[PDB]
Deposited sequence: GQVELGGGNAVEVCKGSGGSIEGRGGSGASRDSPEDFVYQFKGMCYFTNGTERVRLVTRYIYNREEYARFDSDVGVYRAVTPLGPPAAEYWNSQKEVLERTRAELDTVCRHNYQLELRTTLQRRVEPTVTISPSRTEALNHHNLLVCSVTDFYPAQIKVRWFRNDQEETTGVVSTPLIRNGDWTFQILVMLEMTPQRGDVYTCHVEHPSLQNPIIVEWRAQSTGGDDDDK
């Protein structure tokens, strides 16, 4: 694809240059929010000292604003320079909207089918290595949907662009009870059904 860009961080006003060690941390976050394709796009650039967000530009506002008393000198300075304001406003297109075109061709088309396995522990339905995050898991006892007795872990982010989730069922197995785990995911046209028979 074409070379992608990030948000350009505005230059701060300055003209030049215990038991644990000291650390001074600076963070700048160029954040793009997308809703309903690119019909609703919002750019929020955040300027953070340590963990204190002290100034930000918000495309819904159109100018920089101070967040904490640490921010007025920066926000006033950045709002007075046309080379900072107009360039930041343009990033809604040059950064957010353009990069989204490459997300549409890669990240937003990534469909990894979930792996569904059943193992006793409480019956555990492991749904592993799927993407994107939207998933629906249901327990069934002989074509009867279980509503009580189901405990699911939160959605688990593996950090490698896959998710997993464990859905557990407190049950009493008899000789005729057949338990099935039903999983729905955008990578699947039809649900995955895995059976466990006592």
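According to the record, the deposited residues with no C-alpha atom in the structure span 18-30, 135-143, 221-230.
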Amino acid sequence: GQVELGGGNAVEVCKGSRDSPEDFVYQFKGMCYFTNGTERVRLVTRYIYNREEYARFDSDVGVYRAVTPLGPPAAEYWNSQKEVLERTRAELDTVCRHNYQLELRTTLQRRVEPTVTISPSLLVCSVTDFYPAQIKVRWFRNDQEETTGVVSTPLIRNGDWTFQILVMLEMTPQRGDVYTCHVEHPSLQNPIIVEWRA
From here on, numbers count along this sequence of modelled residues.
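Two stretches are in play, 5-13 and 172-180, and the higher mean C-alpha B-factor belongs to 172-180.
On average the C-alpha atoms of 111-119 have higher B-factors than those of the other stretch, with 111-119 and 94-102 being the two compared.
As recorded in the PDB entry, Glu146 shows the highest C-alpha B-factor of the residues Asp129, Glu146, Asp160, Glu52. Comparing the listed residues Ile156, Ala66, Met31, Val150, the entry records the largest Cα B-factor for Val150. In this PDB entry, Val137 carries a Cα temperature factor that places it within the highest third of its chain's modelled residues.
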